[PDB]
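Trainee: Let me give you the complex in parts, starting here:
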Amino acid sequence: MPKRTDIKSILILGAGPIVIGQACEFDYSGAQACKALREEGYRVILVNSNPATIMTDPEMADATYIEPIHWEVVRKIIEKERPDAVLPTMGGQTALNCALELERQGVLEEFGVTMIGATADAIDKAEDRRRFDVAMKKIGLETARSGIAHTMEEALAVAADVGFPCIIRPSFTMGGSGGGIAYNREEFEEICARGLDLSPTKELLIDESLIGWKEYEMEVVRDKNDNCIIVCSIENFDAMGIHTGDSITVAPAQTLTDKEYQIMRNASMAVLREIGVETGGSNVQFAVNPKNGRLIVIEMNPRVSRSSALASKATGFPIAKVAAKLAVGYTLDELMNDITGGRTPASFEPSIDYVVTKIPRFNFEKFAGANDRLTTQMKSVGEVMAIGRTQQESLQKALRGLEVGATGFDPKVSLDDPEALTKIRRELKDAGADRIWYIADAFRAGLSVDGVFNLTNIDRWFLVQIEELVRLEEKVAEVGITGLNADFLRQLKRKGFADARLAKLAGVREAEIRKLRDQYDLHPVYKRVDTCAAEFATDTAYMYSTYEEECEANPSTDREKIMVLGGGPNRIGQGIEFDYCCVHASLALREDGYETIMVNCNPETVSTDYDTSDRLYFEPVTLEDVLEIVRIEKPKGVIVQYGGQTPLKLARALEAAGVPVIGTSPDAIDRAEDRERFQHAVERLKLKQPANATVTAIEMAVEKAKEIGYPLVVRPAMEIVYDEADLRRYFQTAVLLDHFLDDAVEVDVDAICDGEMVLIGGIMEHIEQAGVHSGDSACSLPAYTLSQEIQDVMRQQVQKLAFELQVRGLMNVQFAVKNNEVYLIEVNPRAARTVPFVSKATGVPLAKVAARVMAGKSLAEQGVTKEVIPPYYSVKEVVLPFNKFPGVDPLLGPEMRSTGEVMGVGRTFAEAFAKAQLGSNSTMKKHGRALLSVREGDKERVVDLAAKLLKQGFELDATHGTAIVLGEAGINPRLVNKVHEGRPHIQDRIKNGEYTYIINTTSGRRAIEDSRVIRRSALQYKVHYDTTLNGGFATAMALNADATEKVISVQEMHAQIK
């Protein structure tokens, strides 16, 4: 009943780097568990290769391991820490998979580690598709007609049987990883091959189609006493056929009768009971035939999920915290309900008086050749959540908070476009990321609700709602600003229309509508989240805006408040790193005594956990929404430097409107971001910058370009042009011109300025040269090749820049080093994504220090004045999403595409890199055959690389010109035919498993598009490949180390620092 006693120490398996399908939700859940167990007096040990997590903050646990999440490594951690138990349900699939390997490998037995929260058998039962299907039938639940496959032959016969289209779902995967919809045999073999390989258990489940049925999810929690609750129900907006993660979803369910809801609720519990989950939460998914209520069980995930985070935010019920406590013997009736002031137990079912909407965030513009249609395999990179008293209100708020430039239902097609109906139709029929907007366009274009239903299968209940909004917009357009009387305006506000949307319709400025509202005294009220529909009072201030009567904000008159703006949904480039800073500003200042107010709407993050701050406004991070909060809170200062681009773009307007922005001024920010202003400042300071121009016309560029000199960095998307002919060529398909610094070292510098002194947070040398986005590069702290003399030069320029730009808090400077010469790439006057890594590496909580500085406490005052250079190497490596978009050429360049990163800690650079590499899920082997295929300018260093590989025991293969070069150097590799050459070819060789390693460096649009097959195949076949020679050398070095040899805790790392 109470906490377990035969347990003292617990190892928690973290999730690893963020990837599509397995994101921030796990740092939130991992952190909640740490917090929960720690609170309960347990000794916590956790492993997470992801450094940008709050869960890995040294102060959150007793033994933090930022090491590659590999069973052998985890083994060394267990062997060394000797945990009593292991909790594997808080780190997504990575954790489940790892807990089971550890089990398989007999490691658990070996050290007497007990699996808590869920058992290995339970896990498999749910994870193994065959087993799950068998269990449903045992409990009389219905499942779609399906069949198991372990081979292509087998899969083909299941298909033969279910027909097309059919649904493919690998065992031991999630986020639809390795699955899809097969509309034909061709599509069918592709998907199946992919999933069989991806499947940890090499097993697929092939189902007949239920595409178009309603999709539902239920979040359940069960205790050892067999108590069972439904924490939240979710009705998907997008029907079956589009993965829950790529779907718009709402809470609670909307279109089920109580009778249907009970059956579903009963089933849910039954499923947990049967699978064997006895001490935790689980998600149960279903399909409902709208026509007859026919219920079908889809799956169940024996752990916390992206849905559970969304569900916790939606209800106020901290699922993971609760589950962690149950994992140790606690029972629901024993736990208190957090937000109701502990006045009620956790053993209840939440009731909410509002509607919660989640909208996924995509990034298709970053993957040109990719299939941008929504399917069963997740493609979204993040999500936003909104709360409203109504669904209309809830949806529009989410729209406006998505960070894609929408103000709501902005149009996608022209009214007077002859082909509009045709485009709309297509977008409806075959859902893309923009469907929601196209739905509105459809109604504007004259399509009925039934016509839209038929194409999309989205419940009419939602559709009519959207139609009404359009109808309202049309009136707005007709009556214009004059028609905006108080009554109407208020009606509009109640339906969640944004001031910006209304302004566009009315043909006015957004500020005019806002003025109008001030006139009428038309401001929103704040309601609180309380898990019980106001049946009980709450001491927590978790709020959302709505246009109602009674306000529950009740702001303090008491303390000095500090507002922190979040980044909204995560996207590529604006990830968890920015949220980690936000969280630290709040934790620091709150600890310092301020009243900390957080503004964010990302359901996945720790920022949006009621625990992180004093006050939480779960709102779109927009000018309108923020001004409203400010209006009533009257904060002392607002921090806009920590949430990424989002809050940054708002800074000027905020200030203009009178907000008390703290830290680096909006002007100061603009100075840095405006390429013009900047070029003057560099100029002003007598610093080095690549030669640049601002070309209007084609023929203007060709000239200017002659001036500047090739190669060239065309910045509107970014490309790198090599010759005059290349210029036009671009121009065709196609402005700042910048001399591309060939063969240069890229460097990142993170620092803090308090107007008195500059503190160097860290100097990071990337492995990949300048040209490969800093965000997609591996990097070293400290530098691994850069001379001290040159670093010293960079440190000085940082200082000069800091003062000149008037920095107040964090800053980041990017340089390129070419021929012993320092060049400036750019200055980012705010917190950068590298900040968390640097903090981890150095032991200094930069985000916390800079927050204090912004708030008014100097570096000297805080006693952080000296740059820290750790005793070990810290290496950062990224994870790229190419395996989610096969059509895409998995090659690096000037634009950032990675989703996450890992950290490797070693005594040498080689050891650090090794750990980082393995941490990144690299398939690198220490033996085999390598394939070398390098470009001209690389043909010279390759030789040494070849020798190095040779020294390791690898055999070499190479293409023509490469082989020529090696031959002249005395290295005779085995010749290999390019595809057009004959046979066999690389493609063949790669596909046949010949290679364990590939090094392919290319240069020139044509050379690239040509060599696309090598990279594509390497990825498909899971061969480790390097697209940079520099990267190749690092890989080479790492062969000399053993990532499993030794493990160290963050606490230990930090203790070695002097």
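Mentor: Structure received. Numbers count the residues shown, from 1 in each chain, chains lettered A, B, ... in the order given.

Trainee: Let me see the contact set for the residue nearest to residue A:420 when sequence neighbours are not counted.
Mentor: Excluding the flanking residues, the one nearest residue A:420 by Cβ to Cβ, 6 or more residues apart in numbering is residue A:413, at 4.4 Å. Every residue, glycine included, has its C-beta placed from N, CA and C. Counting by Cβ atoms under 8 Å, 6 or more residues apart in numbering, residue A:413 makes contact with A:420, A:423-424, A:438, A:441, A:445.

Trainee: Most neighbours among those, which one is it?
Mentor: Within those, most neighbours by other Cβ atoms under 10 Å means residue A:424, with 27 neighbours.

Trainee: Now residue A:553: closest residue in space that isn't a chain neighbour?
Mentor: residue A:526 (4.0 Å).

Trainee: Can you spell out which helices and strands pack onto the helix or strand where the one you found lies?
Mentor: Residue A:526 is part of strand A:525-528, with elements assigned from DSSP states H and E. Helices and strands touching strand A:525-528, by 3 or more Cβ pairs under 8 Å, 6 or more residues apart in numbering; DSSP states H and E, are strand A:542-546.

Trainee: next SSE after the strand it packs on?
Mentor: strand A:561-565.

Trainee: Touching that next one from outside, list them.
Mentor: Under Cβ under 8 Å, 6+ apart, the answer for strand A:561-565 is A:582, A:585-586, A:589, A:594-600, A:613, A:621, A:626, A:629-630, A:633-640, A:642-643, A:646-647, A:650, A:662, A:855.

Trainee: quick one: stretch A:465-484 to chain centroid distance?
Mentor: Centroid separation for stretch A:465-484 versus its chain: 36 Å, with Cα atoms, centre = their mean, to the nearest Å.

Trainee: same check, this time on stretch A:537-553
Mentor: That offset, for stretch A:537-553, works out to 30 Å (Cα atoms, centre = their mean).

Trainee: just the strands in the stretch 201-350 of chain A please.
Mentor: Ranges of strands in the stretch 201-350 of chain A, per DSSP state E, counting those that start in this stretch, are A:204-208, A:214-222, A:228-236, A:249-251, A:280-288, A:295-301.

Trainee: Check the stretch 851-1000 of chain A too.
Mentor: Applying DSSP E, counting those that start in this stretch to the stretch 851-1000 of chain A gives strands spanning A:873-879, A:900-906, A:928-933, A:954-958, A:974-975, A:997-1000.

Trainee: ok, now chain B:
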Amino acid sequence: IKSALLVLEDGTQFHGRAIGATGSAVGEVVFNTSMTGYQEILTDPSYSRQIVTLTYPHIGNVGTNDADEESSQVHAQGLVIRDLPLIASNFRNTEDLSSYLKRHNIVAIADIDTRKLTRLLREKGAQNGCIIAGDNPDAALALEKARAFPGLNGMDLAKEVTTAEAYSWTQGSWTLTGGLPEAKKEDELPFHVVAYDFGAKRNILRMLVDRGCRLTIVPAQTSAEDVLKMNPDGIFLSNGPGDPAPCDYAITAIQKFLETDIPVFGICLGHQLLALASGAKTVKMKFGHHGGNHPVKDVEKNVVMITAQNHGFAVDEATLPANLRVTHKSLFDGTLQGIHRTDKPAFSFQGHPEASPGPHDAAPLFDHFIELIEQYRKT
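Mentor: If we add chain B to the chains shown above, we get the following:
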């Protein structure tokens, strides 16, 4: 524009829109937290003389259907919601909510800050109110009628909704596949239970039938004597509106059954009655329990169940007679939820084991009743 207004005893006004019949409604105002089940709730006799407020903003999403009716009519005095959906969207819907309200002649209002309303009732306790829907709702007048409301304290509503004449029920529960089943044939039902109708929910009866009971519905005021004469295998005391307190007739009768060995089971109002007849005391709650997420612990087994609640009055645990052991308590407020006679085959439950709407968690309470019955027959 079709106005509607709701005024509370304290003078608090809520202006919104009319969604039901034109007219006025006066009753005790209560809030219900049920996210689903609005129809079953509306048709619950226990809601007689009560103005129902639902916390879930969107009420009417699934329309209405005959199967979802707990009684022959709408007992709710009035309906207060935040938003009436544009459409009903469910395969089972046969009529939209607004149409339904109108047809049942119910005064209903939408578009009001239900949250504010809810927090007020929780904070300050139940209040009487009045809703006026028409061309020019008169606030003063509304206040007048609210203020003038007698109040549910000491009000015997059971006699008001009870059946005129006795009758037999032999119908079972609905199924997704088969809908509401055809009434069973008497020879098909093993036991014969006598049910006092204090404003009985059809699901209670149906679920009894599911257990093999053939019923005989009797008016509230039926005499123990008249009853005993029937040779019941068991006696059941149904749910109902108003104060249980003033129902002397029932109390008296129950007392009479308690002298026998016949099994007795009361649900909700029938729980209160049982208690009263055993020498216990009932009180009027601050705002009461209305929702379907209510945790109730079976102190005996130390297990929790999520239940369907709907009560304004409760039995004082502190005044319980020694022959009255406690079987269940609320996890929300600690209030008395179940009791069993130490010396007799009689027990009761404050919540609604029959749910409808609501979690099925408490269904097994019926099971015990059967046991008692089967064992009573053995003897």
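
Trainee: now with chain B: the contacts of residue A:413?
Mentor: Counting by Cβ atoms under 8 Å, 6 or more residues apart in numbering or on different chains, residue A:413 makes contact with A:420, A:423-424, A:438, A:441, A:445.

Trainee: how about the residues of the stretch 1-150 of chain B near chain A?
Mentor: B:31, B:33-37, B:40, B:55-58, B:61-62, B:65, B:67-68, B:82-83, B:85-87, B:89-92, B:113-116, B:118-119, B:122-123 (Cβ under 8 Å from any Cβ of the partner chain).

Trainee: Tell me which of those residues fall in strands.
Mentor: Applying DSSP state E to the residues of the stretch 1-150 of chain B next to chain A, the entries found in strands are residue B:31.

Trainee: returning to that earlier point: quick check, the strand holding residue A:526 touching chain B?
Mentor: Yes. With Cβ under 8 Å from any Cβ as the measure, strand A:525-528 is seen reaching chain B through residue A:527.

Trainee: tell me the domain ranges of the chain?
Mentor: Because you didn't say which chain, this covers chain A. Here the domain parsing of chain A from curated CATH domains is A:2-116, A:117-140+A:211-403, A:141-210, A:404-553, A:554-663, A:664-686+A:742-921, A:687-741, A:922-1043.

Trainee: my question was about chain B
Mentor: B:1-150, B:151-378.

Trainee: any chance of the contacts of residue A:413 in TSV, with distance to chain B and secondary structure too?
Mentor: Putting the contacts of residue A:413 into TSV (distance: Cβ to the nearest Cβ, whole Å; DSSP: H, G, I helix; E, B strand; the rest coil) gives the following:
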residue	distance to chain B	secondary structure
A:420	26	helix
A:423	27	helix
A:424	22	helix
A:438	21	helix
A:441	20	helix
A:445	20	coil
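
Trainee: now for stretch A:664-681, what's the gap between its first and last residues?
Mentor: Stretch A:664-681 has an end-to-end distance of 16 Å (Cα to Cα, to the nearest Å).

Trainee: how many other residues sit next to residue 343?
Mentor: With no chain named, the answer covers chain A. 14 (other Cβ atoms under 10 Å in any protein chain shown).

Trainee: The chain in question should be chain B.
Mentor: Number of residues near residue B:343 (other Cβ under 10 Å) recorded here: 12.

Trainee: Can you tell me the closest non-neighbouring residue to it?
Mentor: residue B:323 (5.2 Å; Cβ to Cβ, 6 or more residues apart in numbering or on different chains).

Trainee: could you measure the one you found against residue A:338, distance?
Mentor: From residue B:323 across to residue A:338, the span is 41 Å (Cβ to Cβ, to the nearest Å).
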